[PDB]
Each structure stands twice: as C-alpha cells, then as structure tokens.
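Following: one structure in structure tokens, then a few remarks.
As a basis for the values below, the full set of heavy atoms in this structure was taken, side chains included, without hydrogen atoms, waters or symmetry mates. Protein chains get the first letters and strands the later ones, always in sequence-line order, with residue 1 at the start of each.
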Amino acid sequence: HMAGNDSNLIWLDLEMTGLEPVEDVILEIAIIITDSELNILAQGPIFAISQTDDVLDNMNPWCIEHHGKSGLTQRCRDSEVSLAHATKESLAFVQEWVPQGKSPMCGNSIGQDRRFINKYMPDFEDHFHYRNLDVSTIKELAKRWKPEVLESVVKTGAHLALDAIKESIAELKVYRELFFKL
Amino acid sequence: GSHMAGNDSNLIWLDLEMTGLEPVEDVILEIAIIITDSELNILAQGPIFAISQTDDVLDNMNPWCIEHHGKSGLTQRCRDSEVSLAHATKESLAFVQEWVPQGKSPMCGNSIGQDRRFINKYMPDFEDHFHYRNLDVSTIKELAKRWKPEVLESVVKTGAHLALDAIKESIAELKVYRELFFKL
Ligand SMILES: Cc1cn([C@H]2C[C@H](O)[C@@H](COP(=O)(O)Oc3ccc([N+](=O)[O-])cc3)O2)c(=O)[nH]c1=O
Ligand SMILES: Cc1cn([C@H]2C[C@H](O)[C@@H](COP(=O)(O)Oc3ccc([N+](=O)[O-])cc3)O2)c(=O)[nH]c1=O
Ligand SMILES: Cc1cn([C@H]2C[C@H](O)[C@@H](COP(=O)(O)Oc3ccc([N+](=O)[O-])cc3)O2)c(=O)[nH]c1=O
Ligand SMILES: Cc1cn([C@H]2C[C@H](O)[C@@H](COP(=O)(O)Oc3ccc([N+](=O)[O-])cc3)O2)c(=O)[nH]c1=O
C-alpha cells in the first residue's frame, strides 16, 4: 500500500473511568489513520480493556450512567484484554501505516487522552510527534470567528470510541471546506 | 483599554519555562500571561514571574536547560527571586479573573497542552479558571504544513529569551493564519 506516507495522520479516542489519570484508568481505545486530506485509510484494532467490578462499579456518576447506557461497562467485564496487549497491538497497526515522530496525535481535546497514553501506554506515545492536532482548537476559533460554520458540524451522540473519532474527522472536514482557505 | 475587561470571548494566552519535559520530576521556572480579545488584539500583559528555586534545583536540571536558561539569564533571575509558586499562582489567578469569566477561555499558545500538564500539577487553582479546552496554535501549524505550507513563510520565528515574547510570537503566528489560512 501507499501506507508509510510521511504526512499520514493518527487519530484516536479513549473511554476512561474519569477525568483525572492520577487515579482513573483506560476502558476502551480506537484508532483511525487518514491521509493528510482526511480520507480514512484504515480502522485499527479496537479494544475494551478488562477491569474488575470494584474498578467498574466505582466511577464518577457521569461514567456509570453513560458507559452503562452504551454497553461499555458490560463489555469491559467480557474482555480479558490487558493494557500491554492493547499497547503492543495499537503500536503495531500504527507502525505499518505511518513513520515515527511524524504524525501528531489527532482528535477533539486530544491532550486529555494524551495524558492517559503518556502514563499508561508510553511505548505507544513515543511513535507520535510531540504535537497535538486538536480539532477543538478549531472549534474554539470557529465559535469566535465564524460561528455559523458550526451549523454544518454533526453531533450524533457519544457512542463507542470508533464513531467518536469519525465524528472528529468529519468535524475537521467541515472546517476544511467552510472555514479554511486552501 | 479596560473597556473589554470581562468579555466572555476574551482569550488567555500563556507560556511557561520549566526544568525539563517531565512534570513528574520537573518544576516551573517562569510564567507569563497575555490577555487578547477574540480578534487577537492584546488587551493586557500580565505580571511576569521567575519562580524562586534553590541552587540544588537550578544546577541539576537537564543539559538543554542549563544551556538555554543559562544562556538567557532565566537561571539568574530564578536565583535572585524570592517569588514562591503559591504567590505567582495567586497573582496570576487574580489577574485573569479581572479580564475573563471563569470557565470561558481555553488555554492558548503553541503546544499549550504541554504547559497545562505543569499548570495542572503545580497550580491547579489557576487551572480552574480556564475552560477545559486548549487553543493550540501548533495544531494549526500542523494543518498548514499539510494543506498550505506556503503560509509558513509568513510566520515569524525569532528568539526565546522572554516568556512574554514567546507568547507574543504565538499570537502573531495565529494572526498570520487568520489572514492567510482561514476563510472568515
Ligand atoms: C464529559 C465527561 C467525560 N468524562 C470522562 C469519561 C469518558 O470516558 C471521557 C471522555 O468521553 P466523551 O464521550 O468524549 O465526553 C463527552 C461526552 C459528550 C460531550 N458532549 O458533546 O456534551 C462532551 C464530552 O472522559 C467524565 O468523567 N466526566 C464528564 O463529565
Ligand atoms: C467536561 C469535560 C470534558 N473533558 C474532556 C473529555 C472529553 O472526551 C473531551 C471532550 O472534548 P471536546 O473539545 O469538548 O468536544 C468534542 C469531543 C468530540 C467531538 N466530536 O466532533 O467526536 C466534538 C467535540 O473533554 C475534560 O477534559 N474536562 C471536562 O471538564
Ligand atoms: C525544546 C526543549 C524544551 N525543554 C523544556 C524546558 C523549557 O523551558 C520548556 C519549554 O520549551 P520552550 O522554552 O518554549 O522552547 C522552545 C520553544 C519553541 C521552539 N520551537 O522553535 O518550535 C523550540 C523550543 O521545555 C527541554 O528541556 N528541552 C528541549 O529541547
Ligand atoms: C522536542 C519537544 C518539544 N516540546 C515542547 C517544547 C516547547 O515547550 C513546545 C514547543 O512546541 P511547538 O509546537 O514546536 O512551538 C512553537 C512555539 C512558537 C512558535 N512561533 O514561531 O510563534 C512556533 C512553534 O514543544 C515537547 O513538549 N516535547 C518535545 O519532545
């Protein structure tokens, strides 16, 4: 394939037990590679990470109500997948598709996700350039500079990690068309 | 121009110097803050602090750091300082509270997520004034690299030294993108 292109992009999204990685942990991870024009080249290996029920039945109330209602809390018990499992097979996918230190990490408020990857999945982190490509930076500029662009952005729920990433890419495509001057 | 003070669309820009890349071990050496309106006009420049650190600290930071902070006399300003981080945090919080409502402004700058790591560990009271989002000018840099690299000729790079001048640099970079890369 024309994979390994220097300008290819790694997008990802995590679900977690909450906002503070000091104590909280990673529940689900997904990965999409695009070319630089945002064409999805590959959906990588999705993972629920297995944790116990003392972990799962002691989140914040935002997390019990929404990981329950999406069937993720239940998928975590089902899984017998480790973090070092997810890590090795995430970094694997990503070595095929793009080089090393080339792509930033891409998604909405991707810095928050990066806090968890840094602590818990360092080997995966080291493949990335140190920069983020945070689509919410663009959303914050559009709010102030051209707010009506946001009518064309699509918000369809929350869902799995996978469809969240696709919402992020799609959000950026809208910007590419209506907000950037290429 | 206190006219614009309190406007919900104001942006908080900052830059930090640290003793390295890893907040687990490293500490903050300097903080500078600039407030702009949503159209990037500078409304107010914040008190600049070199944070007091002992000689133990200054003399054993990584070699990049003794090199460049040595180079710039930040190291020296840090030895001269009696300014505690608590103090800087208190001053900085009061300053931003004057210019923008709580929860409104993302944190703004180049690779600003990195700074927010140290802000979050060491100055959580100041972090609470910000919206949870970042406005990261280097995101736009990475888009420009791929979609319209020629805009980057118009971005002005220049020297570190001041944390204030690193910030004015980011603002200026975004002004450039505003003009050449965004439709608006
Ligand atoms: C919003 C939110 C998120 N989280 C954690 C748990 C999640 O695994 C993770 C992010 O999930 P997300 O689905 O991206 O969170 C959001 C869901 C909806 C919206 N929104 O469009 O109103 C924004 C963020 O961060 C929390 O712990 N509490 C919260 O209030
Ligand atoms: C409410 C809240 C949320 N978060 C993180 C966890 C969420 O995953 C993230 C939400 O990011 P965003 O910039 O508000 O919003 C989006 C997420 C996804 C999409 N999308 O187009 O798939 C759009 C916006 O924000 C925080 O880090 N702190 C918070 O207080
Ligand atoms: C680049 C770099 C940074 N750091 C730590 C100490 C610094 O105080 C802190 C902040 O980085 P910075 O002082 O703002 O340095 C740079 C700013 C912009 C650019 N640039 O030209 O893209 C390079 C460095 O990060 C290091 O410890 N080593 C480094 O090589
Ligand atoms: C090499 C390296 C650098 N950094 C930090 C050091 C700096 O604090 C920060 C600089 O990020 P950037 O995206 O390269 O920053 C810029 C700052 C100002 C301007 N400008 O011309 O206005 C451009 C880029 O990135 C890291 O966080 N990790 C690293 O491994």
Exercise. In terms of hydrophobic clusters joined by side-chain contacts under 4.5 Å, are A/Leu14 and A/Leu19 together?
Worked result: no
Exercise. Should the heavy atoms of other residues, nucleotides or ligands under 6.0 Å from NZ of A/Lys139 be counted, would the total exceed 12?
Worked result: yes
Problem set entry | A/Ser7 backbone acceptor or donor facing B/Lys145 side chain under 3.5 Å | no
For this session: Could you look at B/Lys121 and say if it's the side chain, the backbone, both or neither that has a heavy atom under 4.5 Å from chain A?
Result: neither
Seminar exercise, completed: If you tally heavy-atom pairs under 4.5 Å between each of A/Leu9, A/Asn108, A/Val22 and chain B, the highest tally belongs to A/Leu9
Exercise. Under a 4.5 Å heavy-atom cut-off, does chain B meet the side chain of A/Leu178, its backbone, both or neither?
Worked result: backbone
Exercise. What part of A/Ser136 gets closer than 4.5 Å to chain B, counting heavy atoms only: side chain, backbone, both or neither?
Worked result: both
Problem set entry | hydrophobic_cluster_shared for B/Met107 and B/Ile12, side chain cutoff 4.5 Å | yes
Seminar exercise, completed: Taking every heavy atom of A/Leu133 against every heavy atom of B/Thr139, the minimum-distance pair comes out as CA-OG1, 3.4 Å
For this session: Kindly assign one of parallel, tilted or perpendicular to the pair B/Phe182 and A/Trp145, based on the angle between their ring planes and the thresholds 30° and 60°.
Result: perpendicular
Seminar exercise, completed: Looking only at B/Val151, B/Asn120, B/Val137, most heavy-atom pairs under 4.5 Å shared with chain A are made by B/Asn120
Problem set entry | A/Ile138, part contacting chain B, at a heavy-atom distance under 4.5 Å | side chain
Seminar exercise, completed: B/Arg146 and A/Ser103 have their tightest heavy-atom pair at NH2-CA, 4.3 Å
For this session: Output the distance between atom CD (A/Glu140) and atom OG (B/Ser38), rounded to the nearest 0.5 Å.
Result: 11.5 Å
Problem set entry | Same apolar cluster (I L V M F W Y, side chains within < 4.5 Å links), A/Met16/B/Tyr132 | no
For this session: Give the cluster check for A/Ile33 versus A/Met121: same hydrophobic cluster or not, with ILVMFWY residues linked at side-chain heavy-atom distances below 4.5 Å.
Result: yes
Problem set entry | A/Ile117 reachable from A/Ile49 in the ILVMFWY side-chain graph, under 4.5 Å edges | yes
Exercise. So what's closer than 4.5 Å to chain B heavy atoms on A/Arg114: side chain, backbone, both or neither?
Worked result: neither
Problem set entry | Donor-acceptor contact below 3.5 Å, side chain A/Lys181 vs main chain B/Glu179 | yes
Problem set entry | Structural part of A/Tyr175 lying under 4.5 Å from a heavy atom of chain B | neither
Exercise. Considering residues, nucleotides and ligands other than A/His1, do more than 12 of their heavy atoms fall under 6.0 Å from its NE2?
Worked result: yes
Seminar exercise, completed: Rounded to the nearest 0.5 Å, the CG atom of B/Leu143 sits from the CG atom of A/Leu38 at a distance of 8.0 Å
